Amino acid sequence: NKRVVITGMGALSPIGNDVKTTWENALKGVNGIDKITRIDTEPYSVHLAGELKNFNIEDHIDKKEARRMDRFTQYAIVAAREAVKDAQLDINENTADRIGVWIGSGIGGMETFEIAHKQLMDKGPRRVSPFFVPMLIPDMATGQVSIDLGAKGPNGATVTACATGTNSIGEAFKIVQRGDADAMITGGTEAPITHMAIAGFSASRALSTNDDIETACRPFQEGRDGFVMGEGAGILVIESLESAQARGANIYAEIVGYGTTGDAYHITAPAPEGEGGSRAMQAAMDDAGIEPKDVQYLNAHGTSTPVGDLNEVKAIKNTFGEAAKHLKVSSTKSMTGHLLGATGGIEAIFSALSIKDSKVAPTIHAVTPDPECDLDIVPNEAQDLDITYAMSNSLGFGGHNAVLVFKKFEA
């Protein structure tokens, strides 16, 4: 059973258009949420989202070969390129067949559908673009990324809502571990800031109606009224240890555990006591061959929803027990917003970078605490911390629970 290491990272987030902007800004507690500029939010009750700032796709890809990509694919391509450059992974005739792509998108090409549906309705089916289908479907990020990079190994996408990025990485992890690829370009991507997504998520009352930016998203806090939608992509290049060392690559961290469970409870509501989340955390630690004692850091799912944030704390308290007081939890979503599919990818990056730099990003807006949520939230300011094992949680709609455990590399 081969050892799997992280050799590259790529990111586009509301707080940075590359990994170290994103990461540095994350340690300074920067706010990615702001008034929506992408759409006219007049008829809605939500006007805030974590949009990418100062981002031009034409800086990265030619116009003709971009007009044929939905934003969610655009972000994946840019982030994957960054991660491959970072790992200095050479994808060529000798290596391509064993270098795969496994990038999920929870929502897919929402904007593309809206445009093409308007067309069919308002102007007839005959004027629907021949590029509609390959722009719309969730696996098109993976397909387009593999074409762009020449990667030919195992090729897929795990679509599991908010847990999409974490599951996709986990699958890619087990693909390398079983020896079916030497390297995988993996993670999550999402472009949900659209008419239909805002109207859909607020219809189901999952979105915050707060118009003020300084408290809109406030994980684990009094007054939290749902998550704030964000966009971006979190991509990892993961390799076998053999491969990484053979080509001489720098190692960020090792991936050692992956657990996934289902609540089998409600289609949108978390299972009471966060029971599914607990079983997922336990499975990931059983995979890693560790116990709760060994985990210093946990990047929480913490979306700033009443039940979610409460149920996660309950899950953590049940699973860790005594070690719950002596455990650093952070919800980086407080800065980025909930990136949906892409959130698990970006959080895997945050987690692995936390092990490397011995730091933990804060949970900003930690103003009005909660007697129910009595965990070490690493409030408002970044703390130093020596980490050996980090956890990342993703507990999304549909009852999907996904957890990854990362480990410091030393030999």
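Residue positions are given as counts along the sequence shown, with the first one as 1.
In this entry, 115 to 123 has the higher mean Cα B-factor, the comparison being between 280 to 288 and 115 to 123. Set 35 to 43 against 342 to 350 and average the Cα temperature factors; 35 to 43 ends up higher.
Across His266, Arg205, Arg81, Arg71, the greatest Cα temperature factor reported in the deposited entry is at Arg205.
The PDB entry assigns its highest CA temperature factor, among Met140, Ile99, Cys217, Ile238, to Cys217. Per the deposited record, the Cα B-factor of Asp180 falls in the lowest third when ranked against the other modelled residues of its chain. Per the PDB record, residue ranking by Cα B-factor puts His326 in the highest third of the chain.
In the deposited entry, the Cα temperature factor of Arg224 sits in the top third of values across the chain's modelled residues.
Looking at the C-alpha B-factors along this chain, the one for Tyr75 belongs to the lowest third. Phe131: CA B factor lies in the highest third for its chain, per the PDB record.
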